[PDB]
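Residue numbers (the deposited numbering), protein chains in the order written: chain Ca, 1 to 431; chain Ch, 1 to 37, 46 to 438; chain Dh, 1 to 37, 46 to 438; chain 0D, 203 to 224; chain 0A, 203 to 223. For every residue, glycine included, the Cβ atom is placed at its ideal position computed from N, Cα and C.
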Amino acid sequence: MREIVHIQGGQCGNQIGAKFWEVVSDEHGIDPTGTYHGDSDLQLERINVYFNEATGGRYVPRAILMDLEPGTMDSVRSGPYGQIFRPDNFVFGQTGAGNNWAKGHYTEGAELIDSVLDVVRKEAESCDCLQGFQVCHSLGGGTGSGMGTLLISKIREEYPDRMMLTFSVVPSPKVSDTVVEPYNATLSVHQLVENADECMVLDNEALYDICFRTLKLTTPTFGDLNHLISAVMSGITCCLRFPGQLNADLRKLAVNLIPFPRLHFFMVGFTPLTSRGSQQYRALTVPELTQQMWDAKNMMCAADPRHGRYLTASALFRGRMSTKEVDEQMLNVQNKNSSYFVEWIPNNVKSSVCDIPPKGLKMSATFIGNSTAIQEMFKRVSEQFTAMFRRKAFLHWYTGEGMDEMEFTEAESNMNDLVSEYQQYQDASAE
Amino acid sequence: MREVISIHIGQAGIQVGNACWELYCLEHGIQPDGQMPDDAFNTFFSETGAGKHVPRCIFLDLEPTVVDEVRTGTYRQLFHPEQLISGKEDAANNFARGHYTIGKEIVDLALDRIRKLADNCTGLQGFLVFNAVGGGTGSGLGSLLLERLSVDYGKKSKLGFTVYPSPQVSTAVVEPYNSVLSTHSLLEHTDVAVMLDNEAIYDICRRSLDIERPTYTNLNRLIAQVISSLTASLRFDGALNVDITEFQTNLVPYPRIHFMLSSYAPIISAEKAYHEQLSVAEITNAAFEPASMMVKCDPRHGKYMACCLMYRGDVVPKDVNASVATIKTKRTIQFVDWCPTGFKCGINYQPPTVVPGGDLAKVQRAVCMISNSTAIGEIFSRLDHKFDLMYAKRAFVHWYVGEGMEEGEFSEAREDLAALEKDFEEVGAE
Amino acid sequence: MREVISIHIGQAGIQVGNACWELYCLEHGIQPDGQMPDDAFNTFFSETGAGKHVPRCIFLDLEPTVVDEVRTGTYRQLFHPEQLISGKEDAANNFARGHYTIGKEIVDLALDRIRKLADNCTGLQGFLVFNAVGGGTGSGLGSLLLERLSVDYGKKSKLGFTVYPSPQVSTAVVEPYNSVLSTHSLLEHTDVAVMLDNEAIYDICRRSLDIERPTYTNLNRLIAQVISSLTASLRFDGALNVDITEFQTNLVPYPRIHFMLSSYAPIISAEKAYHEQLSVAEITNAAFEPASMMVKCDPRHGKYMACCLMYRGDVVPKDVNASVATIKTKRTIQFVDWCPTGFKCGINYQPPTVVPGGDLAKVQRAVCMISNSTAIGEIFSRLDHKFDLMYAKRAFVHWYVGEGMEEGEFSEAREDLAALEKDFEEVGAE
Amino acid sequence: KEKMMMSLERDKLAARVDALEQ
Amino acid sequence: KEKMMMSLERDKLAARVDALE
Ligand SMILES: Nc1nc2c(ncn2[C@@H]2O[C@H](COP(=O)(O)OP(=O)(O)OP(=O)(O)O)[C@@H](O)[C@H]2O)c(=O)[nH]1
Ligand SMILES: Nc1nc2c(ncn2[C@@H]2O[C@H](COP(=O)(O)OP(=O)(O)OP(=O)(O)O)[C@@H](O)[C@H]2O)c(=O)[nH]1
Ligand SMILES: Nc1nc2c(ncn2[C@@H]2O[C@H](COP(=O)(O)OP(=O)(O)O)[C@@H](O)[C@H]2O)c(=O)[nH]1
């Protein structure tokens, strides 16, 4: 009865949202036609967190798909679970943003934002109680980043107290897809710092590394990356949907994770990610799950935790589990890696337990870590943005959209200040 | 005639209440449907004309999931549907959220139902408040409810069976914060506060019951056994009857000092049972063992001020007198110089009932030793620095500020806890 | 011998009369055909030589639809076809339309049929006028009928069960206007006016009956139960019999102050029933709770002047005396300094009958607490500014003027309601 | 512990100073 | 070091209060 309003933005956001809704429908026993086919009371007990009931047994996702070009959501509708979404929740433009955050935020986003907020308000007003909004999108893209930041600002203005959750696909370190990724990321991070209450960072190269090393897949398409992201998205909120021995809602996770308002960026990971060959060979135990969680390779962010220090870390376990086992494992990890954990926080672990594991898995565990390691990700973004902005390459595309040059400097200053605060709390000594 | 109103606040409160009410239903023969196939149930149950017995309890939570678990589980036809009170938004481990913004209407409705319950009681020994010091629902809403109860009901004895954060192991981050806040709140409202630690009960289950994977169900079963032993004198007759009012008079030396350690004995599994005598002296020694205490607090560091023993089963006053004489003559146990007696023995002829499917074995004798001792200042010393370590950087302070708190509230709470430390030192020293 | 004539004016009047007469038929065993397979029905029904019992009621409305629903429904062979009086054109929420132009011939025929009823009654306890303050039919025609009844019958007790507009929720726009007009009219004609609010009864249904979608049928059933409890002492014997003439003498201190709040207890569904004992003390406390009050007016703001209790079922005078003593000792309940007793208790041995298809459970005890208190001035204070805010712009005034009204009538009604406010303040003050 | 006690004392002194300035 | 520095801060605040008295 604590509803969540899902929003997908851009091509990557729409694909991630489609995969996420496929996964959630699979978990809740929802067929592509909307009818419940789960044969489980617990699936329907808290289905209202994501779905609303239709005239019959049909369940419509509380999702809003947003884009400036119709091709992405045409593909979404052609997908296996494209028919669950209400056709009114597809808000599309006609001319897509050419990877231009200025186009997606000021010129072409201004017209579509009214319809987007109309749909968002219509979905929110139907909710009995609203935990918040979750926006899945990709930094480094025109329509995605632009429309997402604009909508996040609008929703923050309309619903200040409500929780705001962000799944941002930050551009990868080594191989960049588009050239204007540093501009788009720098402009979007400035908005996310001020508006998004909780923001979680994903990198495609980190996803590729984890799916090639742990899953040991040979030809990983974007579908598999979306599968991992969707697994994290489901596992973060399974405590709202299922009974838990020690449940923790999104607001509880945010309170236990965020020490100071600006330091709300998190890296996430899902366990157990097991290769098909070693599925039988691996033992599903609490220590094994914790060991896989705390591996640097398991992190879905490019930034590696060993360089930084863990400010906080929430761990949401799923399955019939021993709270003593979980707590002892968390304490043992903190004691063993006390160098990597902040000294001025006595306990850096927020453990939550849910009694319902995902289908097929006896046990599972999602990890959400606020660590100063993300400082290096922001620093790399700065090293690219400053270098390209010095020569003002591709600046005229943003300038012709009615964007002042001073906005770039302000965004860079904000992101550098965030880096500075991360470093200050990384090297902060108690007393 | 000896009615006691039970309040269960937060996830921990409701989960220990599940075990407590299962234990009471088993003890009094009440089926989960509500009725049983004299008048000893009147302490915890009020009977209707239909013959069905309904508990005098109130399940309070700002989260709906935990209460809906009870609404769906076996005890769905036992409890009163309106007595189960559920919120809409969880406190999110924010004492401010549970005490200033969300908790207002919920606690108002809680007072309404508590009033309906108290109007149905001829006598009223007091309230049994079971919450979790260290969570927004438990800390904030429980503190607000206790404040309202102190305002309106007045001199009724409120016994807070609080669960405090463990020294090293924990599950939350702002737990020292809201623990300090709740401690400042309940220093002046509850009459007797019983301290409990999950780490201590986990250790108990590991070494005694030989459970290598203890869980909250086992912890709550042990706590329920402790509370049943505490209340057994109200429901079942026996030599040396003890009362709820007698707890404070024999146990609280000064109004500020009312936090108490609890230890149940024997804690033995079904497998190793009936292998030793389990005599009165042995079980008393086991109860006084530092390991058996349900708080991570070595009693050897401090000095016992008062010790109330609740004996259950085939126990004779001479046996308890000899056992307490041996305990006094024991040199490891050290008492304060100003309390030459320091002992309150109370026996009952009802042996502890064993929950089927539990790990405890059927023992014909049992001891619940609840002690006021100055050693408990150690746990307050631990929370006093676990708090101040974050409060130096003002970490997570904005979260509490957002729901109507000030830095002054944290300052006042922390100063009050330091004053409590000083008072513990003052009473402990001659 | 104890006949009471029922009048139902307007849509609300007829729709509450449907529930009332269904309840009376169920209570007295009258099948909807008209006859049953003593003389307790004489209060509400007059028996014919053939054995068919016809109610002493009159359904008055200027709209044919509501009356035709009764003429076509199950109760078509019960009521007198000419007693069902139907108009041609609706009053269109216009007090002037219902009081000056359309209502004339209708009220003439109404007095004719009312005289024919009164000629068939040996005794006559009074009139029960059920209308809707806030609509042309109920307000205008009802006021005109009340004036004519006061002129011709004289001292007969007219009890008006009016449904006033709710504070915030409403269904009409000129409801403040015609409500003020009708209140000015009925201040000087009715003997005891009982206030009812749709918002308050909706709250009662939502909280007590757990109905998330309350409707007019539910509201009318609650009103019918209240009126049946009010009339129970006329039809069934019991200790402490209370009469219609006794209502005013023990309830109306001054002729102007005769507006009174109503509260029924218990209001519990079948599922929630037999979870509580439902003792006399508990039901009395529930009746005195502001939430159970059938008017959106917190009694804590004012002071109680008189409280008449109608108990139904297995109630003993000792229990009612203990309950009323507890109420008097209660600090929250505040009475006027000039009324030391302020209580009129009356018991009856007939439990309230349950309407099949309703939500109320079969309870062996029932309380109807009808109170004169100075808090009621608050609703008049709400309507007094709701009126003048519109009246400053003279909005919708031409609609009233067209059917034979003047600005002087509005001014006089507003000044009269202000005088009523002043009277309530003066009676409340020492 | 002594540090944070003295810090709360310092905070109270600062609040008193601000009140005096007002 | 931090204790002595912040104690000096306490002493300065107390002296300021006394001066303002
Ligand atoms: N002994 C024991 N402690 C428990 C149990 N369940 C929860 N706890 C403790 O209770 C604390 C949190 O309780 P709650 O405040 O009620 O959690 P909640 O219901 O989600 O409410 P908030 O967290 O305040 O929003 C945790 O830190 C646990 O240590 C239990 O079953 N047994
Ligand atoms: N409590 C309750 N109130 C009702 C019910 N039916 C109607 N009302 C109220 O009655 C008022 C209007 O009644 P009427 O005047 O009789 O409506 P009408 O029959 O069309 O006549 P006019 O409105 O005057 O033209 C509305 O404002 C409603 O609030 C009912 O079933 N229960
Ligand atoms: N994980 C994942 N990432 C994607 C997908 N599609 C695109 N991306 C990445 O998202 C980044 C930004 O693209 P995007 O913002 O969606 O383009 P836009 O929609 O036109 O704004 C690109 O660099 C892609 O590498 C997908 O299906 N899954």
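Closest residue to residue i among the options (Cα-Cα distance)
i, options, result
"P70 (chain Ca)", "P87 (chain Ca), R58 (chain Ca), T312 (chain Ca), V60 (chain Ca)", "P87 (chain Ca)"
"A314 (chain Dh)", "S270 (chain Dh), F49 (chain Dh), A299 (chain Dh)", "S270 (chain Dh)"
"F87 (chain Dh)", "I341 (chain Dh), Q15 (chain Dh), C65 (chain Dh)", "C65 (chain Dh)"
"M301 (chain Ch)", "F395 (chain Ch), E414 (chain Ch), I212 (chain Ch)", "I212 (chain Ch)"
"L259 (chain Ch)", "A140 (chain Ch), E415 (chain Ch), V200 (chain Ch)", "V200 (chain Ch)"
"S419 (chain Dh)", "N186 (chain Dh), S147 (chain Dh), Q35 (chain Dh)", "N186 (chain Dh)"
"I345 (chain Ca)", "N293 (chain Ch), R402 (chain Ch), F432 (chain Ch)", "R402 (chain Ch)"
"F367 (chain Ca)", "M330 (chain Ca), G141 (chain Ca), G140 (chain Ca), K359 (chain Ca)", "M330 (chain Ca)"
"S153 (chain Ca)", "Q375 (chain Ca), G38 (chain Ca), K122 (chain Ca), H190 (chain Ca)", "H190 (chain Ca)"
"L391 (chain Ch)", "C305 (chain Ch), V234 (chain Ch), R84 (chain Ch), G81 (chain Ch)", "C305 (chain Ch)"
"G82 (chain Ca)", "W397 (chain Ca), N337 (chain Ca), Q384 (chain Ca), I30 (chain Ca)", "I30 (chain Ca)"
"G244 (chain Ca)", "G436 (chain Ch), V78 (chain Ch), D424 (chain Ch)", "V78 (chain Ch)"
"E207 (chain Dh)", "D218 (chain Dh), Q233 (chain Dh), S190 (chain Dh), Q176 (chain Dh)", "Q176 (chain Dh)"
"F255 (chain Dh)", "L227 (chain Dh), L238 (chain Dh), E220 (chain Dh)", "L238 (chain Dh)"
"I276 (chain Dh)", "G310 (chain Dh), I219 (chain Dh), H309 (chain Dh)", "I219 (chain Dh)"
"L230 (chain Ch)", "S241 (chain Ch), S216 (chain Ch), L242 (chain Ch), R243 (chain Ch)", "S216 (chain Ch)"
"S420 (chain Ca)", "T386 (chain Ca), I374 (chain Ca), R391 (chain Ca)", "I374 (chain Ca)"
"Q342 (chain Dh)", "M377 (chain Dh), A383 (chain Dh), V323 (chain Dh), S94 (chain Dh)", "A383 (chain Dh)"
Closer than 8 Å: residue i CB and nearest ligand 2 heavy atom
i, result
"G59 (chain Dh)", "no"
"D76 (chain Dh)", "no"
"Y161 (chain Ch)", "no"
Residue i CB to nearest heavy atom of ligand 3 below 8 Å
i, result
"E155 (chain Ch)", "no"
"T143 (chain Ca)", "yes"
"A97 (chain Ca)", "yes"
"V268 (chain Ca)", "no"
"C12 (chain Ca)", "yes"
Where residue i meets chain Dh, residues with beta-carbon distance less than 7 Å
i, result
"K164 (chain Ch)", "Result: empty, since nearest Cβ-Cβ is about 17 Å, beyond 7 Å."
"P261 (chain Ch)", "Those within 7 Å of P261 (chain Ch) in chain Dh number zero; the least Cβ separation is about 35 Å."
Residue i: contacting residues in chain 0D (beta-carbon distance under 8 Å)
i, result
"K205 (chain 0A)", "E204, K205, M208"
Distance cut-off 8 Å: residue i Cβ against heavy atoms of ligand 5
i, result
"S138 (chain Ca)", "As for ligand 5, it is missing from this structure, which binds only ligand 1, ligand 2 and ligand 3."
Closer than 8 Å: residue i CB and nearest ligand 1 heavy atom
i, result
"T179 (chain Ch)", "yes"
"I212 (chain Ch)", "no"
Within chain Dh, the residues that residue i reaches when beta carbons sit closer than 9 Å
i, result
"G57 (chain Ch)", "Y282, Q285, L286, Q372"
"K60 (chain Ch)", "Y282, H283"
"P89 (chain Ch)", "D218, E279, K280, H283"
Neighbouring residues, chain 0A, relative to residue i (Cβ below 9 Å)
i, result
"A217 (chain 0D)", "What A217 (chain 0D) touches in chain 0A: nothing, since even the nearest Cβ is about 10 Å away."
Proximal residues of chain Ch, C-beta to C-beta of residue i below 7 Å
i, result
"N293 (chain Dh)", "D127"
Neighbouring residues, chain 0D, relative to residue i (Cβ below 7 Å)
i, result
"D392 (chain Ch)", "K203"
Interface residues of chain Ch facing residue i [CB-CB closer than 9 Å]
i, result
"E290 (chain Dh)", "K124, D127, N128"
Amino acids of chain 0D, ordered along the chain, whose beta-carbon sits closer than 9 Å to that of residue i
i, result
"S174 (chain Ch)", "Per Cβ cutoff of 9 Å: no residues; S174 (chain Ch) is ~19 Å from chain 0D at best."
Meets three-Cβ-pair contact criterion under 8 Å: the region 137-147 of chain Ca and the region 3-11 of chain Ca: yes
Touching by the beta-carbon criterion (3+ pairs, under 8 Å), the region 215-226 of chain Ca and the region 5-18 of chain Ch: no
Can you find at least 3 beta carbon pairs, one from the region 264-272 of chain Ca and one from the region 361-381 of chain Ca, that sit closer than 8 Å? yes
Any contact of the region 38-53 of chain Ca with the region 163-172 of chain Ca, i.e. 3+ C-beta pairs under 8 Å? no
With contact counted as at least three CB pairs below 8 Å, one residue from each stretch, are the region 285-302 of chain Ch and the region 325-333 of chain Ch in contact? yes
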